[PDB]
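Structure first, then comments.
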RNA sequence: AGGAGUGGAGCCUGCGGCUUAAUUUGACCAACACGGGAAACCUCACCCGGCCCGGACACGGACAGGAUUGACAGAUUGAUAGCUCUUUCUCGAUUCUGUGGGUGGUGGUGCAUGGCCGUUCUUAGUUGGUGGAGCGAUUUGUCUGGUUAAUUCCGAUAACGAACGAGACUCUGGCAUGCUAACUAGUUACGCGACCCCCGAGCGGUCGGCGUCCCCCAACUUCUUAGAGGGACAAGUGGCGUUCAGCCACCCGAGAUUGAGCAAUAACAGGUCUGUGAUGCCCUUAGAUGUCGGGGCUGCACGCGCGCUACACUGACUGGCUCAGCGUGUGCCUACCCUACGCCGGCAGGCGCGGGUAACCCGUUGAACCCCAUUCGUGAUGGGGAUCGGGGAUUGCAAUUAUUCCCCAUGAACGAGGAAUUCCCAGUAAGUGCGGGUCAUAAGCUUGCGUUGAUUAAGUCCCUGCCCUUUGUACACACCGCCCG
RNA sequence: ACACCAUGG
Ligand SMILES: [Mg+2]
Ligand SMILES: [Mg+2]
Ligand SMILES: [Mg+2]
Ligand SMILES: [Mg+2]
Ligand SMILES: [Mg+2]
Ligand SMILES: [Mg+2]
Ligand SMILES: [Mg+2]
Ligand SMILES: [Mg+2]
Ligand SMILES: [Mg+2]
Ligand SMILES: [Mg+2]
Ligand SMILES: [Mg+2]
Ligand SMILES: [Mg+2]
Ligand SMILES: [Mg+2]
Ligand SMILES: [Mg+2]
Ligand SMILES: [Mg+2]
Ligand SMILES: [Mg+2]
Ligand SMILES: [Mg+2]
Ligand SMILES: [Mg+2]
Ligand SMILES: [Mg+2]
Ligand SMILES: [Mg+2]
Ligand SMILES: [Mg+2]
Ligand SMILES: [Mg+2]
Ligand SMILES: [Mg+2]
Ligand SMILES: [Mg+2]
Ligand SMILES: [Mg+2]
Ligand SMILES: [Mg+2]
Ligand SMILES: [Mg+2]
Ligand SMILES: [Mg+2]
Ligand SMILES: [Mg+2]
Ligand SMILES: [Mg+2]
Ligand SMILES: [Mg+2]
Ligand SMILES: [Mg+2]
Ligand SMILES: [Mg+2]
Ligand SMILES: [Mg+2]
Ligand SMILES: [Mg+2]
Ligand SMILES: [Mg+2]
Ligand SMILES: [Mg+2]
Ligand SMILES: [Mg+2]
Ligand SMILES: [Mg+2]
Ligand SMILES: [Mg+2]
Ligand SMILES: [Mg+2]
Ligand SMILES: [Mg+2]
Ligand SMILES: [Mg+2]
Ligand SMILES: [Mg+2]
């Protein structure tokens with residue numbers, strides 16, 4: 001039983017509402033630091049994003065013990081299906097960044 | 001499962017490791033660098049340590 | 001860092017004994033239920049989960065570290 | 001804390017921050033000509049500037065990439081939301097930034113080209129843009145199973161003394 | 001600040017060392033003026049990565 | 001005394017299952033750092049040394065020593081014959 | 001023996017070693033005496049002396065002195081000839097003596 | 001020519017050998033107090049046991065009377081690991097089975113590599129363009145001679161004009177009564193005020209003498225701080241120099257030769273896969289080479305290296321007196337910093353209340369050797385402090401194979417060290433203590449700082465090597481070569 | 001006005 005359903009949701013809603021995630025490469029930090037700190041371990045974030053990456057949907061970078069994960073159009077579509085959202089809403093990033 | 005997954009690690013070199021390479025041997029702890037003696041020599045110019053002795 | 005040698009007992013895990021799904025209630029009549037095992041008076045438990053009929057023991061699988069009755 | 005960190009730790013921590021940000025942005029904008037960051041802590045805001053050669057690639061489509069970059073830089077270093085502000089910029093006379101030429105040659109070699117042809121092309125470019133001299137070395141298993149090294153020098157070049165802390169760019 | 005490290009990884013060779021050092025310069029100015037004028041003058045023309053700290057009562 | 005307690009619950013309760021005019025069998029353990037409380041007098045214990053539970057019959061003279069101080073972790077050495085590198089007088093082969 | 005020879009594969013010694021036994025058409029032997037030209041006189045641990053040749057792989061990399069245990073691979077067609085395949089150290093020779101491999105006529 | 005030594009003694013620490021379940025391992029001028037390598041757990045790679053998956057993803061299989069998760073009690077186990085066994089509640093599609101495929105590795109190879117470092121090699125060495133010589137490899141330029149620390153210069157000239165290295169350059173030590181300007185630094189003055197003693201004339205007061213006793217919106221920058229400029233150039237004078245480059249001596253002077261950083265072409269099968277989310281290939285991948293408990297890295301007939309303490313009277317002991325400088329200091333994950341002053345205790349140490357994120361508090365850093373007086377008296381002695389018994393504290397989850405510290409007791413070798421051999425030219429050798437690094441605990445190590453402060457040289461090429469020219473060679477894997485009977 | 005100075009995984 002890898003993750004309670006509560007946790008898959010609590011990762012995916014954050015990744016969708018922000019459009020990006022960072023996580024220290026730590027498998028023993030008992031709580032993701034402030035993001036997802038409602039009893040979600042750091043281990044679950046990285047194991048979830050691993051699967052999410054192995055199927056596209058995400059791009060990953062790593063520097064000095066920290067993963068950085070970006071979303072993609074395929075990932076936007078998959079998460080819009082998986083969390084049952086209105087077919088046009090995304091709070092992640094929409095502005096003319098002058 | 002298990003509830004035996006860590007034993008007390010508050011001190012000693014099992015407690016601490018480099019910011020960069022995550023290795024345990026030859027860390028510099030002065031001024032709060034917390035950085036391996038090899039990793040430092042590599043980034044010391046970015047940090048601001050110049051060599052003019 | 002050398003290879004492993006033949007063991008004596010090695011065996012991985014139990015096999016999750018396959019009991020029938022749900023036979024915790026019996027009817028005296030349709031709409032007159034009887035309950036063989038008592039429901040656990042616990043606060044964290046929603047008063048819908050049952051107890052083991054473990055004569056000399058009463059074991060609630062939810063509170064997996066306490067609340068066992070010895071008779 | 002109620003009394004903030006001391007000056008020594010403060011400056012060391014500033015340096016470590018700048019080094020980590022430069023490493024992160026090096027590992028990412030390589031294919032876009034990343035050539036250095038300039039942290040300018042301004043009134044009411046922390047501004048970061050990224051010089052590069054292909055700025056459209058840095059910001060992307062309507063600025064999706066640049067907003068993602070602001071997002072991660074704000075998530076990882078613990079900044080209060082709304083503080084970190086990021087800008088892209090174009091470097092003038094790219095032929096004199098060593099890091100740009102080093103990464104250009106790295107990708108030109110990663111895509112298939114005679115190593116001598118590539119090195120001589122970058123030597124031509126670097127000397128044509130106006131420069132007292134250049135020197136490009138490539139070390140490794142060039143054409144065989146035993147390693148070697150190939151050095152291409154041009155113009156004037158100094159190795160000793162204090163004038164080397166300036167007057168040279170190394171990558 | 002001074003840090004003296006071994007020059008080599010791996011512990012082989014003649015035993016040479018590297019001496020890095022950082023230097024921190026500090027100055028202070030004292031004024032007798034209303035605080036508004038202080039915030040007026042102190043927030044202009046700060047080019048380099050110098051710090052500027054203002055404290056309201058030190059005399 | 002942590003779960004160094006429970007070892008006292010098997011030191012004791014093993015001297016009552018034992019038939020009189022005899023000794024408890026073996027309460028074998030890894031706990032080398034136990035002090036010897038006077039309760040443990042009389043019982044037999046098997047104190048691990050890294051590979052083996054060497055047995056000890058506790059006597060009233062060991063009161064206040066460490067249980068680890070009664071099973072050694074190595075063999076007392078008897079020497080062989082010095083080999084090829086043992087002196088500078090020795091080097092050469094074809 | 002010391003030299004300026006830091007070159008070449010530097011150090012091929014370890015405190016670990018694993019045994020190798022006989023195979024099809026492969027016997028043990030004891031070096032009887034040394035000859036020139038890389039040749040050798042030997043003695044199979046049962047019968048013939050079977051003059052041996054130190055193969056291209058062993059030349060100047062693992063030395064063979066007189067009166068030591070060796071493992072040689074016999075030739076099918078010829079009989080009096082063989083090629084030195086492996087050398088057995090003192091501890092491994094005594095180990096073979098313990099496992100009963102070599103008829104205990106030659107000692108270490 | 002000398003000084004201090006090392007080699008001899010006891011102990012500390014590293015490497016070999018021996019021993020072992022294992023005593024993990026790299027490295028043999030340029031290994032051996034080196035890998036920051038002072039390992040109780042951790043570290044940790046070794047040995048002996050025991051859980052776990054943290055095996056993405058694709059396909060197929062079983063599956064909502066249902067895949068799958070977790071656990072009470074007795075047995076079992078080092079264990080309160082539902083590890084397994086008896087028993088049967090709980091979770092809910094997240095799994096599980098199988099086939100491919102990934103993943104991790106302080107696993108192998110540094111003779112497959114990147115990078116870094118060391119070394120040849122601390123010396124003065126290196127290179128091309130056009131022109132000249134040669135059939136050519138090659139050569140000249142890059143030099144007979146003088147000079148220099150220097151392929152530094154003068155000159156000579158089939159070469160001309162250039163590049164690197166040297167030098168220049170940066171930090172540092174020595175000087176400014178000139179500038180800039182300072183209760184987070186001071187001086188002097190008196191406003192002072194006060195204590196104290198006559199210690200002086202005097203009375204004791206006035207005048208004085210001591211003050212890290214208290215004040216100043218006093219005046220200033222000599223001492224402190226740190227910025228800008230100045231200042232030394234073989235500039236002046238006398239000799240020696242083809243009167244050139246330069247060398248010796250002297251006046252004036254803070255000084256006429258401080259110390260480091262940086263450093264070339266070409267190369268080495270030098271070291272590092274155990275610094276790395278640097279890395280190719282090979283190996284292993286669920287009975288793991290990816291985690292917890294216990295043991296080891298410390299074991300002792302012996303060989304070797306770097307070192308600490310001594311062999312006493314130019315001393316040991318017990319009191320008294322009086323002087324530093326370079327530093328560090330509250331930690332984000334990580335939970336711990338430097339201490340004043342009161343009390344308590346012989347001592348280590350404990351309790352209680354404050355300051356400091358620091359020119360602000362510890363701190364005017366009352367350091368040691370040295371200085372001044374006692375006792376000892378040439379006796380392995382009151383020199384030396386190994387080894388060992390008994391007791392008391394602190395750090396820690398845990399001190400046994402004594403972590404460290406304190407107290408009473410026991411009181412070994414050692415009376416200046418064989419053949420050999422290391423380092424050193426002036427605030428240097430040596431004596432002496434103090435900080436940083438590692439550090440929950442902790443230096444006989446190393447990296448910096450002051451303090452006291454010599455003898456001997458101003459040379460040479462003998463020994464060990466280095467640079468340049470001429471010469472010889474059967475060498476080129478280059479004399480650690482080749483080669484004859 | 002000349003002591004000894006052999007050999008090389
Ligand atoms: Mg130059
Ligand atoms: Mg120079
Ligand atoms: Mg001495
Ligand atoms: Mg000790
Ligand atoms: Mg050993
Ligand atoms: Mg040398
Ligand atoms: Mg220790
Ligand atoms: Mg260990
Ligand atoms: Mg791999
Ligand atoms: Mg690795
Ligand atoms: Mg190499
Ligand atoms: Mg290398
Ligand atoms: Mg020519
Ligand atoms: Mg010609
Ligand atoms: Mg020439
Ligand atoms: Mg000269
Ligand atoms: Mg000239
Ligand atoms: Mg010229
Ligand atoms: Mg003159
Ligand atoms: Mg004078
Ligand atoms: Mg100088
Ligand atoms: Mg050089
Ligand atoms: Mg490496
Ligand atoms: Mg590898
Ligand atoms: Mg290591
Ligand atoms: Mg682990
Ligand atoms: Mg362990
Ligand atoms: Mg060791
Ligand atoms: Mg040494
Ligand atoms: Mg002394
Ligand atoms: Mg010290
Ligand atoms: Mg400390
Ligand atoms: Mg210390
Ligand atoms: Mg050390
Ligand atoms: Mg010598
Ligand atoms: Mg010369
Ligand atoms: Mg010649
Ligand atoms: Mg030849
Ligand atoms: Mg010879
Ligand atoms: Mg011959
Ligand atoms: Mg000779
Ligand atoms: Mg011979
Ligand atoms: Mg011969
Ligand atoms: Mg030879």
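Just rank D:90, D:75, fewest to most, by other beta-carbon atoms within 10 angstrom.
Final ranking by Cβ density, sparse to dense: D:90, D:75.
Any idea what diffusion coefficient segment F:34-73 gets from Stokes-Einstein, in µm²/s, Kirkwood Rh on alpha carbon pairs, 20 °C, 1.002 mPa s? Mind showing how you got there, number by number?
Details: Rh = 10.2 Å.
In µm²/s, the coefficient is 210.
Helix D:115-128 sits at what angle to the longest principal axis of chain D, using alpha carbons and giving 0 to 90 degrees rounded to 10?
Once rounded, one gets 70 degrees.
Can you tell me the relative contact order of chain F? Whole percent, Cα pairs under 8 Å, sequence separation 6 or more.
Working: 119 pairs, mean separation 20.0, N = 94.
Worked out over chain F, it gives 21 percent.
For the protein assembly as shown, count the residues as N, evaluate 2.2 N^0.38 Å, and divide the Cα radius of gyration by that value, please. The partial results should precede the final answer.
Numbers: Rg = 37.9 Å, N = 654, 2.2 N^0.38 = 25.8 Å.
Normalised by 2.2 N^0.38 Å, the Cα Rg of the protein assembly as shown equals 1.47.
Please report, in whole Å³, the volume per residue of the convex hull around the C-alpha atoms of chain B. Walk me through the intermediate numbers first.
Numbers: hull volume 5.8 nm³, N = 53.
Residue-normalised Cα hull volume stands at 109 Å³.
Determine one quarter of the surface area of the Cα convex hull of chain G, which equals its mean projected area, and express it in nm² to one decimal. Each step should come with its number before you reach the end.
Details: hull surface 32.4 nm².
That works out to 8.1 nm².
Can you pull the three principal axis extents for the Cα set of chain E, in Å, largest first?
64, 26, 13
Please figure out what share of the DSSP beta bridges in the protein assembly as shown is antiparallel and state it in percent, rounded to the nearest 5. The partial results should precede the final answer.
Details: 59 of 71 bridges.
About 85 percent, rounded to the nearest 5.
If you take the beta carbon distance between residue A:73 and residue D:77 as r and set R0 to 41 Å, what does 1/(1 + (r/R0)^6) give as a FRET efficiency, to the nearest 0.05? Kindly include the intermediate steps, with their values, before the conclusion.
Details: r = 28 Å, r/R0 = 0.68.
Efficiency at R0 = 41 Å is approximately 0.90.
For each of E:29, D:99, count neighbouring Cβ atoms within 10 Å of the residue's Cβ, then give the residues from fewest to most. Show your work: numbers first, answer last.
Numbers: E:29 7, D:99 17.
Sorted ascending by nearby Cβ count, the order is E:29, D:99.
Using the 10 angstrom Cβ neighbour count as an exposure proxy, how do B:11, D:77 rank, fewest first? Provide the component values of the computation, followed by the final result.
Numbers: B:11 8, D:77 14.
Listed from fewest to most nearby Cβ atoms, that is B:11, D:77.
Please give the calculated 222 nm ellipticity per residue for the protein assembly as shown, where each DSSP H segment of at least 4 residues contributes -39500 (n - 2.57) and the sum is spread over every residue; nearest 500 deg cm²/dmol?
Details: 12 runs with 137 residues, N = 654.
Computed ellipticity for the protein assembly as shown at 222 nm equals -6500 deg cm²/dmol.
Compute the relative contact order of chain B as a whole-number percentage, counting only Cα pairs closer than 8 Å that sit 6 or more residues apart in sequence.
Details: 40 pairs, mean separation 11.6, N = 53.
Computed value for chain B: 22 percent relative contact order.
Could you state the angle between the C-alpha long axis of helix D:7-28 and the longest principal axis of the C-alpha atoms of chain D, as a value from 0 to 90 degrees rounded to the nearest 10?
Taking Cα atoms only, the helix is inclined about 50 degrees.
Suppose a student asked you for the relative contact order of chain C, using Cα pairs under 8 Å spaced at least 6 residues apart; what percent would you report?
Details: 58 pairs, mean separation 10.4, N = 71.
Once normalised by length, the contact order is 15 percent.
For the residue pair residue E:21 and residue D:169, what label-to-label distance in nm results when each label sits 7 Å from Cα along the Cα-to-beta-carbon direction?
Output for this residue pair reads 3.2 nm.
If you average over every viewing direction, what projected area does the convex hull of the Cα atoms of segment D:78-144 give, in nm²?
Working: hull surface 30.5 nm².
Answer in nm², one decimal: 7.6.
How big is the Kirkwood radius of chain D, worked out from every pair of different alpha carbons and given in Å to one decimal? Don't jump to the answer; show the numbers that get you there.
On the way: mean 1/r = 0.0534 Å⁻¹.
That comes to 18.7 Å for chain D.
For chain F, report the % of Cα-Cα distances exceeding 17 Å.
On the way: 2568 of 4371 pairs.
I get 59 percent for the Cα pairs in chain F exceeding 17 Å.
May I have the pair-distance distribution P(r) for chain A, computed from all Cα-Cα distances with 10 Å bins from 0 and rounded to whole percent?
Here the calculated profile for chain A is 14, 49, 31, 6, 0.
First obtain the Kirkwood hydrodynamic radius of chain C from its Cα pairs, then insert it into the Stokes-Einstein equation at 37 °C and 0.692 mPa s, and state the resulting D in µm² per second as a whole number. Show your work: numbers first, answer last.
Working: Rh = 16.0 Å.
Rounded to a whole number, D works out at 205 µm²/s.
Given the alpha-carbon gyration tensor of segment G:48-108, what are the semi-axes of its equivalent ellipsoid in whole angstrom, ordered largest first, with each equal to the square root of 5 times an eigenvalue? List each step's numbers first, then the result.
Numbers: eigenvalues 86, 50, 18 Å².
Square roots of five times the eigenvalues give 21, 16, 9 Å.
Coordinate-derived values only; no laboratory data. We place every Cβ from the backbone using ideal geometry, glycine too, and count neighbours over all the protein chains shown.
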